[PDB]
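J.: My questions all concern the structure below.
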Amino acid sequence: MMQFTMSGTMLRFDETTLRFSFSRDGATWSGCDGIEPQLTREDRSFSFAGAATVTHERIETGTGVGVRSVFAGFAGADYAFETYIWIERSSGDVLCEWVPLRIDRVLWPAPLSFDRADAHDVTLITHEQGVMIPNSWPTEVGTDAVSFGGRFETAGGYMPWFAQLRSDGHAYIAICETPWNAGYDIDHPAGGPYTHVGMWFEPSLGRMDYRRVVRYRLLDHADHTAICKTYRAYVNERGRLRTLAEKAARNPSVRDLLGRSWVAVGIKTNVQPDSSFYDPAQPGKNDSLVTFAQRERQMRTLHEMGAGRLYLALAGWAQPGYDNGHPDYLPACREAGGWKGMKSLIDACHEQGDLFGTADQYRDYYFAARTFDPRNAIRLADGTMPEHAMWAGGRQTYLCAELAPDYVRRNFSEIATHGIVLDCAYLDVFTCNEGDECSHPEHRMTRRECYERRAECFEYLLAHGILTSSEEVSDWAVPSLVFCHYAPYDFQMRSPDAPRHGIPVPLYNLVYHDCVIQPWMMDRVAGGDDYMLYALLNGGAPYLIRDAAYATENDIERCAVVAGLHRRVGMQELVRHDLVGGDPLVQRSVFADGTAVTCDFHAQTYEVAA
Ligand SMILES: [Zn+2]
């Protein structure tokens, strides 16, 4: 019905159906017929075309051309909102805006049709490091199987985009320009023949509040590499491509992480009788203690065995024990040797050229915390204070992030008074789990503000010369994050017996390899993959020891191979990644200086060349 042509792009919008298509360089993409743009409330949904009044206006401005649609009245309810869909003159991009005027979820824009029934027609999603889902993929992939329900700014969506790429090189990327109350939905049935992906948006603190915007770029001659580069260029243009070199200009020790092997081990374990981990028929059971002196002797032994340059990330070092008592996670554990033993351990690391970081926690807020007061806690939009008793420390709520920098400043300043000069710090959860929202009147907070406050925690550390790390790499944190516990592939977070959702590809690293340093799992799956092959493809650092929270001479040789590559390319762009001859099981990564890593998953072998 309405047709626009501008700067090489065509947009078509049917006034009656609300469907749209767009075309560029001789490829057309059309919204799925039979999937309507929707609103959701409780157990039921509403097509936008369910509005009592719907008016469309044809627009042209100095910057673009397109259609503004106004929707008013839903079953005598007075809800009203606007959409604006337009071609940007200077780029040929298509922008889609959802504009509140006054709802649990808005599913808009409708997913695009991608049922071509090819084989090499694929969908790219940012659920952890990266997934390439062919239309023929035999495993079902639904939002319910994606971490955090496909929420952006979390492990479900490391980056606020998704893309689909036909086998003839024509592709689109959909970037969510307003990601903080948003996510994607995915529907790929077992065996195909289609995959549908679409944006979702939720209210902020109970109202839709601010305009939601999605930017589509149609590409030709494209590959998953090119699609990732499009996002990288988008991010840099907006000033959030904070490279390691920019980080290192401020904190030169950034460089000292290159070529290090990671050791992540703990001190005190203490499962309270209300934890979901507590076995009441076995009171001792999980409770354990390894002393600072034992960890000191371990580091000395690793050094003497030729483990090379190490980074030690130390968990459960404070009196309450791991996942207990936060944010009152002090002092250093007396039974483990106290501040004196903790300093001895750090001194010893430093003496042998290794680095040291504490693991800590500023979101989980335990009722057992010495200063627990529910006025500091989150209240959800509905007024409630959320609680659960999952972790070792038992009953908890969440500390409102408006207050977290106050506690980080307090705790880290206390640690420094005891002569402990941390190289690094690990703030758990922040860059894996979603940002909370808070309606508490003493500290009201949007999800957006939550990520800013978590970033403010990192900034404190950087300003004090302490390099920042958190659980994963959700890209809100890229400006303030030096490293992570990992940036793993989704299949590495599930049983190796579980069917995978697609072909693993290093989508995150294609954007940000030169911005965030990452250690990689070194596990060998019996009958299956050796995870060292993915560390190499991602030009990552190796774990020498990774003691996962809830439950050598060869390892050193393997770590040396990985750390040697890392020493060279850990600050370089990952320029290209390809499936060699289209074989998903032979993969090749190329870094900025031309170093090429080829991993053959048939043979379980690797080769480093140019
Ligand atoms: Zn609050």
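Each chain in the structure tokens gets a letter, A, B, ..., in the order shown, and its residues are numbered from 1; ligands are numbered from 1 in order too.
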Neighbouring residues of ligand 1 are defined here as those with any atom at most 10 Å from a ligand atom, counting only C-alpha atoms and all ligand atoms; list them as JSON, numbers by chain.

T.: {"A": [375, 376, 377, 378, 379, 380, 398, 399, 400, 401, 402, 403, 436, 437, 438, 439, 440, 441, 442, 443, 444, 445, 446, 450]}

J.: As a PyMOL selection string, please: every residue in stretch 439-590 of chain A that a backbone DSSP assignment puts in alpha helix (DSSP H).

T.: chain A and resi 447-463+507-512+532-537+553-569

J.: Show me, as a Markdown table, the residues of stretch 3-106 of chain A having an atom within 9 Å of stretch 188-200 of chain A, each with the closest atom pair and its distance in Å, using only C-alpha atoms.

T.:
```
| residue | atom | partner | partner_atom | distance |
| --- | --- | --- | --- | --- |
| A:32 | CA | A:196 | CA | 8.5 |
| A:105 | CA | A:200 | CA | 6.6 |
| A:106 | CA | A:200 | CA | 5.7 |
```

J.: Take the residues that were just selected and, keeping N, CA, C and O atoms, output them as a PDB file, in the first residue's frame.

T.:
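Output file out.pdb is given in full below:
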```pdb
ATOM      1  N   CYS A  32       6.933 -11.926   8.394  1.00  0.00           N
ATOM      2  CA  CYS A  32       6.068 -13.112   8.405  1.00  0.00           C
ATOM      3  C   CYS A  32       4.609 -12.760   8.361  1.00  0.00           C
ATOM      4  O   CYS A  32       4.108 -12.114   9.278  1.00  0.00           O
ATOM      5  N   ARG A 105       4.637  -6.992  27.701  1.00  0.00           N
ATOM      6  CA  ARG A 105       5.592  -7.187  26.622  1.00  0.00           C
ATOM      7  C   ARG A 105       5.065  -6.654  25.274  1.00  0.00           C
ATOM      8  O   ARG A 105       3.904  -6.825  24.962  1.00  0.00           O
ATOM      9  N   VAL A 106       5.945  -6.075  24.476  1.00  0.00           N
ATOM     10  CA  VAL A 106       5.631  -5.638  23.125  1.00  0.00           C
ATOM     11  C   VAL A 106       6.526  -6.485  22.222  1.00  0.00           C
ATOM     12  O   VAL A 106       7.732  -6.457  22.353  1.00  0.00           O
TER      13      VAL A 106
END
```

J.: To test your reading of the structure, identify every residue in stretch 70-229 of chain A that backbone DSSP assigns to strand (DSSP E or B), and report it as a count of residues only.

T.: 76

J.: Out of A:261, A:167, A:589, A:276, which residue has the shortest atom-to-atom distance to residue A:559 when counting only C-alpha atoms?

T.: A:261

J.: Using only C-alpha atoms, I'd like a table of the residues in stretch 58-131 of chain A that come within 6 Å of stretch 210-214 of chain A; for each, show the closest atom pair and its distance in Å rounded to one decimal, ordered by chain and ascending number, as a tab-separated table.

T.:
```
residue	atom	partner	partner_atom	distance
A:95	CA	A:214	CA	5.8
A:96	CA	A:214	CA	5.1
A:97	CA	A:213	CA	4.5
A:98	CA	A:212	CA	5.1
A:99	CA	A:211	CA	4.6
```

J.: Please produce a file of those selected residues containing C-alpha atoms, as a short mmCIF file (atom, residue, chain, number, x, y, z; two decimals), in the first residue's frame.

T.:
```
data_model
loop_
_atom_site.label_atom_id
_atom_site.label_comp_id
_atom_site.auth_asym_id
_atom_site.auth_seq_id
_atom_site.Cartn_x
_atom_site.Cartn_y
_atom_site.Cartn_z
CA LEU A 95 14.66 2.39 11.54
CA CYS A 96 11.71 1.13 13.50
CA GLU A 97 10.44 3.14 16.47
CA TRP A 98 7.83 2.20 19.07
CA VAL A 99 6.66 5.27 20.82
#
```

J.: Looking at only C-alpha atoms, which of A:102, A:120, A:170, A:453 is the one that sits closest to residue A:26?

T.: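 The closest residue to residue A:26 is A:170.
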
J.: At most 10 Å is the cut-off: for each residue in stretch 233-276 of chain A with any atom that close to an atom of stretch 530-554 of chain A, write down the nearest atom pair and the distance in Å rounded to one decimal, counting only C-alpha atoms, chain first then increasing number, as CSV.

T.:
```
residue,atom,partner,partner_atom,distance
A:257,CA,A:541,CA,8.7
A:258,CA,A:541,CA,7.5
A:259,CA,A:541,CA,6.4
A:260,CA,A:541,CA,6.4
A:261,CA,A:542,CA,5.2
A:262,CA,A:543,CA,4.5
A:263,CA,A:545,CA,4.7
A:264,CA,A:546,CA,4.9
A:265,CA,A:547,CA,5.2
A:266,CA,A:547,CA,7.6
A:269,CA,A:549,CA,9.3
```

J.: Let's have the selection written as a PDB file, in the first residue's frame, with N, CA and C atoms.

T.:
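The file below, out28.pdb, is the result:
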```
ATOM      1  N   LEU A 257      48.247  -9.025  31.739  1.00  0.00           N
ATOM      2  CA  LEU A 257      47.360 -10.206  31.690  1.00  0.00           C
ATOM      3  C   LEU A 257      47.663 -11.111  30.494  1.00  0.00           C
ATOM      4  N   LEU A 258      48.278 -10.545  29.453  1.00  0.00           N
ATOM      5  CA  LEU A 258      48.585 -11.334  28.232  1.00  0.00           C
ATOM      6  C   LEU A 258      49.557 -12.480  28.554  1.00  0.00           C
ATOM      7  N   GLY A 259      49.225 -13.633  28.051  1.00  0.00           N
ATOM      8  CA  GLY A 259      49.980 -14.863  28.262  1.00  0.00           C
ATOM      9  C   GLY A 259      49.869 -15.470  29.647  1.00  0.00           C
ATOM     10  N   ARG A 260      48.924 -15.048  30.462  1.00  0.00           N
ATOM     11  CA  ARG A 260      48.840 -15.663  31.770  1.00  0.00           C
ATOM     12  C   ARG A 260      47.906 -16.866  31.782  1.00  0.00           C
ATOM     13  N   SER A 261      48.237 -17.853  32.606  1.00  0.00           N
ATOM     14  CA  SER A 261      47.354 -19.010  32.806  1.00  0.00           C
ATOM     15  C   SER A 261      46.564 -18.725  34.056  1.00  0.00           C
ATOM     16  N   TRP A 262      45.255 -19.030  34.059  1.00  0.00           N
ATOM     17  CA  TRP A 262      44.368 -18.695  35.190  1.00  0.00           C
ATOM     18  C   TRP A 262      44.328 -19.857  36.164  1.00  0.00           C
ATOM     19  N   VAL A 263      44.339 -19.477  37.430  1.00  0.00           N
ATOM     20  CA  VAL A 263      44.026 -20.363  38.554  1.00  0.00           C
ATOM     21  C   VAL A 263      42.863 -19.838  39.405  1.00  0.00           C
ATOM     22  N   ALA A 264      41.732 -20.541  39.419  1.00  0.00           N
ATOM     23  CA  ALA A 264      40.610 -20.070  40.215  1.00  0.00           C
ATOM     24  C   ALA A 264      40.295 -21.151  41.225  1.00  0.00           C
ATOM     25  N   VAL A 265      40.633 -20.869  42.476  1.00  0.00           N
ATOM     26  CA  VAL A 265      40.427 -21.789  43.598  1.00  0.00           C
ATOM     27  C   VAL A 265      39.926 -20.967  44.803  1.00  0.00           C
ATOM     28  N   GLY A 266      39.512 -21.675  45.886  1.00  0.00           N
ATOM     29  CA  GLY A 266      38.880 -21.026  47.025  1.00  0.00           C
ATOM     30  C   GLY A 266      39.514 -21.290  48.388  1.00  0.00           C
ATOM     31  N   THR A 269      34.382 -22.693  52.339  1.00  0.00           N
ATOM     32  CA  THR A 269      33.077 -23.069  51.856  1.00  0.00           C
ATOM     33  C   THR A 269      32.186 -23.249  53.109  1.00  0.00           C
TER      34      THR A 269
END
```

J.: Please identify all polymer residues within 12 Å of residue A:363, counting only C-alpha atoms, omitting same-chain residues fewer than 2 positions from it, and present them as an NGL selection string.

T.: :A and (323 or 325-328 or 360-361 or 365-366 or 376-378 or 396-405 or 407-408 or 427-436 or 450-451 or 453-454 or 457 or 470)

J.: Could you turn the residues from that selection into a file that holds N, CA and C atoms, as a compact mmCIF listing (two decimals), in the first residue's frame?

T.:
```txt
# COMPACT_ATOMS: atom_id res chain seq x y z
N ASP A 323 29.84 -17.12 48.91
CA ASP A 323 28.38 -16.86 48.83
C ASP A 323 27.67 -16.73 50.18
N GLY A 325 27.05 -13.83 53.44
CA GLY A 325 27.26 -12.58 54.16
C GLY A 325 27.40 -11.30 53.33
N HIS A 326 27.38 -11.41 52.00
CA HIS A 326 27.55 -10.19 51.14
C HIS A 326 26.47 -9.19 51.43
N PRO A 327 26.80 -7.91 51.49
CA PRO A 327 28.06 -7.30 51.11
C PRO A 327 28.98 -7.12 52.31
N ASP A 328 28.63 -7.71 53.46
CA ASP A 328 29.51 -7.65 54.62
C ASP A 328 30.48 -8.80 54.62
N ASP A 360 34.45 -11.54 44.74
CA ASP A 360 33.60 -10.81 45.64
C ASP A 360 32.20 -10.70 44.99
N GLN A 361 31.24 -10.06 45.71
CA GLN A 361 29.84 -10.14 45.34
C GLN A 361 29.10 -8.98 45.88
N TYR A 365 22.34 -10.24 48.45
CA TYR A 365 22.31 -9.48 49.68
C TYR A 365 21.74 -10.40 50.72
N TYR A 366 22.59 -10.97 51.57
CA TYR A 366 22.13 -12.05 52.47
C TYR A 366 21.51 -11.55 53.73
N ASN A 376 17.77 -1.30 52.15
CA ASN A 376 18.80 -1.19 51.10
C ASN A 376 18.47 -2.07 49.92
N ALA A 377 17.46 -2.89 50.07
CA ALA A 377 17.18 -3.89 49.05
C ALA A 377 16.26 -3.33 47.98
N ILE A 378 16.30 -4.04 46.87
CA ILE A 378 15.43 -3.86 45.71
C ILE A 378 13.98 -3.98 46.14
N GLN A 396 18.29 -14.63 50.95
CA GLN A 396 18.80 -13.39 50.37
C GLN A 396 17.73 -12.60 49.67
N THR A 397 18.04 -11.34 49.44
CA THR A 397 17.34 -10.48 48.48
C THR A 397 18.48 -9.97 47.54
N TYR A 398 18.24 -8.83 46.87
CA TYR A 398 19.27 -8.14 46.08
C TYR A 398 19.53 -6.75 46.65
N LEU A 399 20.81 -6.39 46.74
CA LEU A 399 21.21 -5.01 47.09
C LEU A 399 20.91 -4.09 45.88
N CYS A 400 20.23 -2.95 46.09
CA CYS A 400 19.93 -2.07 44.99
C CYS A 400 21.26 -1.50 44.48
N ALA A 401 21.51 -1.55 43.17
CA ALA A 401 22.80 -1.17 42.65
C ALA A 401 23.13 0.32 42.86
N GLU A 402 22.12 1.16 43.10
CA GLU A 402 22.36 2.56 43.47
C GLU A 402 23.34 2.68 44.66
N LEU A 403 23.34 1.64 45.51
CA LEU A 403 24.12 1.57 46.71
C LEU A 403 25.39 0.71 46.59
N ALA A 404 25.48 -0.13 45.55
CA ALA A 404 26.62 -0.99 45.45
C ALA A 404 27.96 -0.22 45.44
N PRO A 405 28.10 0.87 44.67
CA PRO A 405 29.41 1.54 44.72
C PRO A 405 29.75 1.97 46.17
N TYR A 407 29.23 0.26 48.90
CA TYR A 407 29.79 -0.93 49.55
C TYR A 407 31.12 -1.37 48.94
N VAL A 408 31.27 -1.20 47.63
CA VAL A 408 32.54 -1.53 47.02
C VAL A 408 33.61 -0.58 47.59
N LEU A 427 34.11 -9.12 40.44
CA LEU A 427 32.79 -8.88 40.97
C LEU A 427 31.84 -9.85 40.30
N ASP A 428 31.36 -10.84 41.04
CA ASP A 428 30.52 -11.89 40.47
C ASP A 428 29.21 -11.34 39.96
N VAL A 429 28.60 -12.10 39.05
CA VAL A 429 27.23 -11.88 38.50
C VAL A 429 26.98 -10.67 37.62
N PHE A 430 27.68 -9.55 37.87
CA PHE A 430 27.30 -8.27 37.26
C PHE A 430 27.14 -8.35 35.76
N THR A 431 28.06 -9.02 35.09
CA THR A 431 28.04 -9.00 33.61
C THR A 431 27.46 -10.33 33.02
N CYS A 432 26.78 -11.08 33.84
CA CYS A 432 26.03 -12.29 33.39
C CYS A 432 24.52 -12.10 33.55
N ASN A 433 24.09 -11.71 34.75
CA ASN A 433 22.68 -11.54 35.06
C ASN A 433 22.18 -10.16 34.69
N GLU A 434 20.86 -10.05 34.55
CA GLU A 434 20.22 -8.81 34.13
C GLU A 434 20.43 -7.76 35.20
N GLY A 435 20.27 -6.53 34.75
CA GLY A 435 20.25 -5.37 35.65
C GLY A 435 18.86 -5.39 36.30
N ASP A 436 18.82 -5.12 37.58
CA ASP A 436 17.58 -5.01 38.31
C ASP A 436 16.96 -3.63 38.13
N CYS A 450 20.90 0.62 36.53
CA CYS A 450 21.57 -0.52 37.16
C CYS A 450 22.84 -0.85 36.46
N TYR A 451 22.82 -0.93 35.12
CA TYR A 451 24.09 -1.26 34.44
C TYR A 451 25.11 -0.11 34.67
N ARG A 453 25.39 1.75 37.32
CA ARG A 453 25.94 1.62 38.68
C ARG A 453 26.93 0.44 38.78
N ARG A 454 26.66 -0.64 38.08
CA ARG A 454 27.59 -1.75 38.10
C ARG A 454 28.91 -1.26 37.46
N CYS A 457 30.94 0.69 39.93
CA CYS A 457 31.75 -0.26 40.72
C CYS A 457 33.08 -0.61 40.05
N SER A 470 34.37 -9.70 35.75
CA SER A 470 33.07 -10.14 36.19
C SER A 470 32.76 -11.44 35.43
```

J.: Determine, counting only C-alpha atoms, which protein, DNA and RNA residues have an atom within 10 Å of an atom of residue A:487; residues of the same chain fewer than 4 positions away are not included. Present the result as a PDB file with C-alpha atoms, in the first residue's frame.

T.:
```pdb
ATOM      1  CA  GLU A 128      26.824 -16.303  24.887  1.00  0.00           C
ATOM      2  CA  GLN A 129      29.937 -16.379  22.619  1.00  0.00           C
ATOM      3  CA  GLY A 130      27.857 -17.086  19.523  1.00  0.00           C
ATOM      4  CA  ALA A 155      24.330 -14.126  28.940  1.00  0.00           C
ATOM      5  CA  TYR A 158      25.815 -10.609  24.935  1.00  0.00           C
ATOM      6  CA  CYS A 432      26.033 -12.292  33.389  1.00  0.00           C
ATOM      7  CA  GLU A 471      31.309 -13.394  35.295  1.00  0.00           C
ATOM      8  CA  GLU A 472      30.820 -13.045  31.550  1.00  0.00           C
ATOM      9  CA  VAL A 473      30.945 -10.226  28.988  1.00  0.00           C
ATOM     10  CA  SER A 474      27.485  -8.710  28.389  1.00  0.00           C
ATOM     11  CA  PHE A 483      38.494  -9.302  31.712  1.00  0.00           C
ATOM     12  CA  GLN A 492      30.017 -25.172  27.315  1.00  0.00           C
ATOM     13  CA  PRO A 506      33.063 -16.410  17.909  1.00  0.00           C
ATOM     14  CA  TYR A 508      31.463 -11.786  20.476  1.00  0.00           C
ATOM     15  CA  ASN A 509      35.179 -11.921  19.730  1.00  0.00           C
ATOM     16  CA  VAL A 516      38.036  -7.657  26.699  1.00  0.00           C
ATOM     17  CA  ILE A 517      40.517 -10.345  27.724  1.00  0.00           C
ATOM     18  CA  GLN A 518      39.029 -13.836  28.300  1.00  0.00           C
ATOM     19  CA  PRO A 519      40.215 -17.128  29.767  1.00  0.00           C
ATOM     20  CA  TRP A 520      38.873 -20.295  28.266  1.00  0.00           C
ATOM     21  CA  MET A 521      37.942 -23.753  29.599  1.00  0.00           C
ATOM     22  CA  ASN A 538      39.259 -17.276  20.244  1.00  0.00           C
ATOM     23  CA  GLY A 540      42.179 -16.590  24.568  1.00  0.00           C
TER      24      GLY A 540
END
```
